[PDB]
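Chains as they are written, first to last, in the authors' numbering: chain A, 988 to 1043; chain F, 889 to 1036; chain V, 889 to 937; chain P, 544 to 592; chain H, 790 to 839; chain L, 593 to 789.
A quick write-up on the structure given underneath.
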Ligand SMILES: *[C@@H]1O[C@H](CO)[C@@H](O[C@@H]2O[C@H](CO)[C@@H](O[C@@H]3O[C@H](CO[C@H]4O[C@H](CO)[C@@H](O)[C@H](O)[C@@H]4O)[C@@H](O)[C@H](O[C@H]4O[C@H](CO)[C@@H](O)[C@H](O)[C@@H]4O)[C@@H]3O)[C@H](O)[C@H]2NC(C)=O)[C@H](O)[C@H]1NC(C)=O
Ligand SMILES: *[C@@H]1O[C@H](CO)[C@@H](O[C@@H]2O[C@H](CO)[C@@H](O[C@@H]3O[C@H](CO[C@H]4O[C@H](CO)[C@@H](O)[C@H](O)[C@@H]4O)[C@@H](O)[C@H](O[C@H]4O[C@H](CO)[C@@H](O)[C@H](O)[C@@H]4O)[C@@H]3O)[C@H](O)[C@H]2NC(C)=O)[C@H](O)[C@H]1NC(C)=O
Ligand SMILES: *[C@@H]1O[C@H](CO)[C@@H](O[C@@H]2O[C@H](CO)[C@@H](O[C@@H]3O[C@H](CO[C@H]4O[C@H](CO)[C@@H](O)[C@H](O)[C@@H]4O)[C@@H](O)[C@H](O[C@H]4O[C@H](CO)[C@@H](O)[C@H](O)[C@@H]4O)[C@@H]3O)[C@H](O)[C@H]2NC(C)=O)[C@H](O)[C@H]1NC(C)=O
Ligand SMILES: *[C@@H]1O[C@H](CO)[C@@H](O[C@@H]2O[C@H](CO)[C@@H](O[C@@H]3O[C@H](CO[C@H]4O[C@H](CO)[C@@H](O)[C@H](O)[C@@H]4O)[C@@H](O)[C@H](O)[C@@H]3O)[C@H](O)[C@H]2NC(C)=O)[C@H](O)[C@H]1NC(C)=O
Ligand SMILES: *[C@@H]1O[C@H](CO)[C@@H](O[C@@H]2O[C@H](CO)[C@@H](O[C@@H]3O[C@H](CO[C@H]4O[C@H](CO)[C@@H](O)[C@H](O)[C@@H]4O)[C@@H](O)[C@H](O)[C@@H]3O)[C@H](O)[C@H]2NC(C)=O)[C@H](O)[C@H]1NC(C)=O
Ligand SMILES: *[C@@H]1O[C@H](CO)[C@@H](O[C@@H]2O[C@H](CO)[C@@H](O)[C@H](O)[C@H]2NC(C)=O)[C@H](O)[C@H]1NC(C)=O
Ligand SMILES: *[C@@H]1O[C@H](CO)[C@@H](O[C@@H]2O[C@H](CO)[C@@H](O)[C@H](O)[C@H]2NC(C)=O)[C@H](O)[C@H]1NC(C)=O
Ligand SMILES: *[C@@H]1O[C@H](CO)[C@@H](O[C@@H]2O[C@H](CO)[C@@H](O)[C@H](O)[C@H]2NC(C)=O)[C@H](O)[C@H]1NC(C)=O
Ligand SMILES: *[C@@H]1O[C@H](CO)[C@@H](O[C@@H]2O[C@H](CO)[C@@H](O)[C@H](O)[C@H]2NC(C)=O)[C@H](O)[C@H]1NC(C)=O
């Protein structure tokens, strides 16, 4: 996945700071689970679940 | 002859009257960024008072008096493969002492670099700052490598 | 009759002069995003002679 | 120049001189470069009529 | 603090320039030159009415 | 785009044009108390306001004027718009390679609106010129407000402003970086090689 400006084609790697969280979803949004969110945002790491496994 | 004088003056005053309404809407009620419309310099607020056959405006603007030099850098390059640029083009990354700070280019407003201040790009320019993820915390004090 | 012609010309030239001042401040000194003010399309810079 | 017309003006003693343009410092578009930059630091308030 | 102290100084000179007690010195600042330009424009409007 | 900013100002002496200098006629003209007052005031005041607001618009910047040079624009060939060198000294600017075209390729229609020379009219040796004949009727054309020298200083400063980049010590940036800065104002640029330049 990539992010671009609508005025000029400016490819950009999606960062977590490029998104704003809202209260509800839409049927047209990308339907994805948190473990796979790294495929959209390469720099994303689920520090919540990863620490659970590393506690063992 | 008298009608010609009055119609000529009405055309002149109507043009000036339309400009006055624009300045009341854009300089008095609102704050403008259109350069030179509400005086030269950076517009803050305006005041208006009555005057013979018209209005008088008092534009309040800011003018710079002193400048500060900063050793600015175009961007970052982490591990030689991850390039970053500032999220807003009106911001500038600079080095002071040993650490780094972000400031606006219009007003000197120092800011501590946060990871959200950057935008990731596919390549690295040769003028970018070389650093590794291990030392990236020297630039962004809140960065913690959760992999490492 | 001559004064009527000249005063009308000064009114026309004043309006065109004030538009020129706006284009010097917004198209030459600055970069504009007001569509169509500094030509059609995306403005970059302007020159004056 | 207490009074002015075209390229010439007059003084309070009546001496005729040429009117030079008002000296100002133009603004600039801060460049995105790895260079040594000057940024406005201290400010003053001006009122214009 | 500096912005307020600068604004009050400008407004005082504006009022003094409007009164015209020091007309021959107001040209020392182009900010005050706008007052001179405004006064000239008001005089023309007043005189040309009749 | 072309926009007019000034008009050649014309002032007329009401007494000379109507009475031809005849002493008896001048006394009859006094019965028309407000006739000459209206004509002279309208022409004189309009010309002074015109010259006042034109002179307000003409700013200058010595710092930016120095950068009006071909070496400041790189691949962008601005040779047709920068001012010409002062061929005969005693001045700081000159017309560009486009201003003289628009000022000469256009018709030299000097059919009356010429700010001709007045000092030769009263003491000249030859019969009066068409312009001096108008001066004898009280119609005198004042010199153009937009002086040729102030124009080149004004336009030269504005052209050089595009090369300023806010660098310390007034250093000039490569012009390829001035275009990149103005492109970033449109949309944040992510290209590194800048081949589009
Ligand atoms: C991401 O994930 C979500 C969650 O799974 C998906 O959202 C649902 O999408 C399904 C279809 O895939 C929708 O289900 C359809 O709803 C209809 C019933 O009415 C709905 O709406 C009313 C309110 O208006 C609700 O009260 C009611 O409970 C329902 O939700 C039916 O018409 C449809 O039946 C069709 O499918 C069934 C199989 O389920 C077939 O047997 C039928 O023949 C028929 O074709 C269907 O069930 C559901 O409404 C969506 N939910 C919401 C909350 O919007 C997203 O679609 C998915 N997105 C992507 C991009 O993959
Ligand atoms: C941030 O970090 C990056 C990555 O480390 C730096 O980028 C490299 O910087 C080095 C110099 O610091 C550059 O290397 C120089 O490149 C020149 C050309 O190399 C190309 O062409 C040759 C052809 O033979 C190829 O072999 C090569 O692969 C390249 O295609 C050379 O001219 C230079 O030679 C050096 O040594 C000789 C002999 O001593 C001297 O005469 C030269 O002057 C010179 O010192 C040299 O190898 C390199 O090109 C940069 N890019 C890359 C992709 O490697 C940044 O500079 C650094 N920036 C900051 C601000 O810290
Ligand atoms: C918007 O409009 C504002 C004003 O409303 C303009 O601001 C002025 O810009 C001018 C031009 O740069 C500034 O003038 C500079 O001031 C400096 C300090 O003045 C000293 O000298 C004067 C005269 O001797 C004394 O009265 C005063 O006390 C100071 O001692 C000078 O450093 C500048 O250069 C002068 O000196 C050098 C050295 O000799 C010469 O080479 C220069 O030619 C020149 O003589 C210069 O005079 C002025 O200070 C600004 N402020 C004000 C409040 O007027 C903006 O330029 C304009 N901005 C835009 C973006 O349009
Ligand atoms: C992205 O990286 C680019 C390089 O890949 C950067 O461009 C370089 O920017 C520097 C600093 O401004 C320029 O260095 C100056 O150049 C001139 C000489 O330039 C002329 O000659 C060179 C070849 O010698 C030629 O490439 C240029 O086009 C010019 O014709 C000197 O006067 C200065 O001393 C100084 O060294 C580089 O020239 C320039 N490189 C190139 C290839 O243009 C670019 O700035 C980076 N972008 C960002 C946004 O950071
Ligand atoms: C930027 O644009 C400039 C304006 O177009 C370019 O200048 C032109 O460059 C060409 C190619 O060098 C010149 O054409 C050649 O001129 C000579 C004769 O030149 C002399 O006579 C002409 C009479 O027309 C006169 O205009 C010149 O000033 C010279 O005195 C011939 O040998 C060739 O046949 C050929 O036509 C243009 O004459 C020249 N124009 C000007 C006004 O200088 C400039 O080269 C461009 N810059 C860059 C960096 O590309
Ligand atoms: C953390 O670590 C590794 C490298 O140490 C990164 O690389 C691999 O990434 C894929 C996902 O594309 C994982 O499935 C691999 O298991 C990773 N390799 C290893 C050795 O862990 C990885 O992207 C980084 N992030 C995560 C969440 O593992
Ligand atoms: C910004 O400029 C103002 C105005 O000069 C400075 O305030 C003056 O500072 C001097 C030196 O400390 C004092 O003597 C004056 O009394 C102050 N007031 C005025 C009205 O001049 C202020 O210090 C400057 N600020 C910075 C951060 O440099
Ligand atoms: C505007 O500034 C320029 C210099 O940047 C002045 O030009 C010359 O400056 C010197 C030093 O003051 C004078 O002695 C010369 O006579 C000036 N020459 C010319 C041709 O003007 C310019 O005069 C300044 N004008 C004003 C109104 O301040
Ligand atoms: C552009 O800049 C160059 C370099 O300063 C100017 O060329 C100089 O011109 C002066 C006369 O004005 C000569 O005495 C120098 O010898 C020239 N420099 C060189 C390196 O030969 C050039 O005149 C400037 N352009 C304009 C239009 O003024």
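By construction, the Cβ of each residue, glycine as well, lies at the ideal position given by its N, Cα and C atoms.
Quick check: does the Cβ of residue i come within less than 8 Å of any heavy atom belonging to ligand 3?
{"i": "residue 983 (chain F)", "result": "no"}
{"i": "residue 701 (chain L)", "result": "no"}
{"i": "residue 928 (chain F)", "result": "yes"}
With a threshold of 8 Å, establish whether the CB of residue i neighbours any heavy atom of ligand 8.
{"i": "residue 678 (chain L)", "result": "no"}
{"i": "residue 565 (chain P)", "result": "yes"}
{"i": "residue 684 (chain L)", "result": "yes"}
{"i": "residue 652 (chain L)", "result": "yes"}
Answer yes or no: the CB of residue i versus the heavy atoms of ligand 2, is any distance below 8 Å?
{"i": "residue 1018 (chain F)", "result": "yes"}
{"i": "residue 971 (chain F)", "result": "no"}
{"i": "residue 554 (chain P)", "result": "no"}
Which residues does DSSP pair with residue i in a beta bridge?
{"i": "residue 972 (chain F)", "result": "F:964 and F:1008"}
{"i": "residue 732 (chain L)", "result": "L:603"}
{"i": "residue 948 (chain F)", "result": "F:933 and P:590"}
{"i": "residue 779 (chain L)", "result": "Answer by DSSP bridge pairing: none, since residue 779 (chain L) is not bridged."}
{"i": "residue 874 (chain F)", "result": "Residue 874 (chain F) lies beyond the stretch modelled for chain F, which goes from 889 to 1036, so this question has no answer here."}
{"i": "residue 582 (chain P)", "result": "F:956"}
{"i": "residue 759 (chain L)", "result": "P:580"}
{"i": "residue 785 (chain L)", "result": "DSSP, once it has assigned bridges, lists no residue as partnering residue 785 (chain L)."}
{"i": "residue 559 (chain P)", "result": "P:553"}
{"i": "residue 1019 (chain F)", "result": "F:966"}
{"i": "residue 652 (chain L)", "result": "P:566"}
{"i": "residue 939 (chain F)", "result": "F:942"}
{"i": "residue 548 (chain P)", "result": "P:551"}
{"i": "residue 999 (chain A)", "result": "A:990"}
Going by the C-beta, is residue i closer than 8 Å to any heavy atom of ligand 4?
{"i": "residue 786 (chain L)", "result": "yes"}
{"i": "residue 666 (chain L)", "result": "yes"}
{"i": "residue 1013 (chain A)", "result": "no"}
Mind listing the chain L neighbours of residue i? Cutoff is C-beta to C-beta under 9 Å, in chain order.
{"i": "residue 833 (chain H)", "result": "637, 640 and 641"}
Please list, in chain order, the chain F residues whose beta carbon lies closer than 7 Å to that of residue i.
{"i": "residue 895 (chain V)", "result": "896"}
Could you tell me whether any non-hydrogen atom of ligand 7 is closer than 8 Å to the CB of residue i?
{"i": "residue 954 (chain F)", "result": "yes"}
{"i": "residue 585 (chain P)", "result": "yes"}
{"i": "residue 794 (chain H)", "result": "yes"}
Since residue i meets chain F, which of its residues come closer than 8 Å, beta carbon to beta carbon?
{"i": "residue 1021 (chain A)", "result": "Chain F residues near residue 1021 (chain A): none, gap ~15 Å exceeds 8 Å."}
Name the chain V residues whose beta carbon is nearer than 7 Å to that of residue i?
{"i": "residue 778 (chain L)", "result": "930"}
{"i": "residue 922 (chain F)", "result": "914"}
Which chain H residues sit within Cβ distance under 9 Å of residue i?
{"i": "residue 627 (chain L)", "result": "Simply none; closest approach about 14 Å."}
{"i": "residue 633 (chain L)", "result": "836 and 837"}
Kindly list, in the order they appear in chain F, the residues whose Cβ is closer than 9 Å to that of residue i.
{"i": "residue 760 (chain L)", "result": "955, 957 and 958"}
Would you say the beta carbon of residue i comes nearer than 8 Å to a heavy atom of ligand 5?
{"i": "residue 672 (chain L)", "result": "yes"}
{"i": "residue 669 (chain L)", "result": "yes"}
{"i": "residue 689 (chain L)", "result": "yes"}
Given the structure, does residue i come close to ligand 9, in the sense that its CB is under 8 Å from one of the ligand's heavy atoms?
{"i": "residue 661 (chain L)", "result": "yes"}
{"i": "residue 675 (chain L)", "result": "yes"}
Residues of chain P with CB closer than 7 Å to the CB of residue i, please, in chain order.
{"i": "residue 996 (chain F)", "result": "582, 583 and 584"}
Below 7 Å on C-beta distance, what does residue i contact in chain A?
{"i": "residue 781 (chain L)", "result": "997"}
Find the residues of chain H that neighbour residue i, judging by a C-beta separation of less than 7 Å, and give them in chain order.
{"i": "residue 941 (chain F)", "result": "834"}
*Check each residue's C-beta against every heavy atom of ligand 6 and list, in chain order, those closer than 7 Å.*
Here the list is A:1025, A:1032, A:1037 and F:1035.
_Runs of beta strand (DSSP E) lying entirely within the segment 690-733 of chain L, each at least 3 residues, in chain order_ = If we require 3 residues or more, the beta strand (DSSP E) runs fully inside the segment 690-733 of chain L come out as 731-733.
*Just list the alpha helix (DSSP H) runs in the segment 897-935 of chain V, keeping only unbroken ones of 4 residues or longer that don't cross its boundaries, in chain order.*
Listed in chain order, nothing qualifies, since the segment 897-935 of chain V has no complete alpha helix (DSSP H) run of 4 or more residues.
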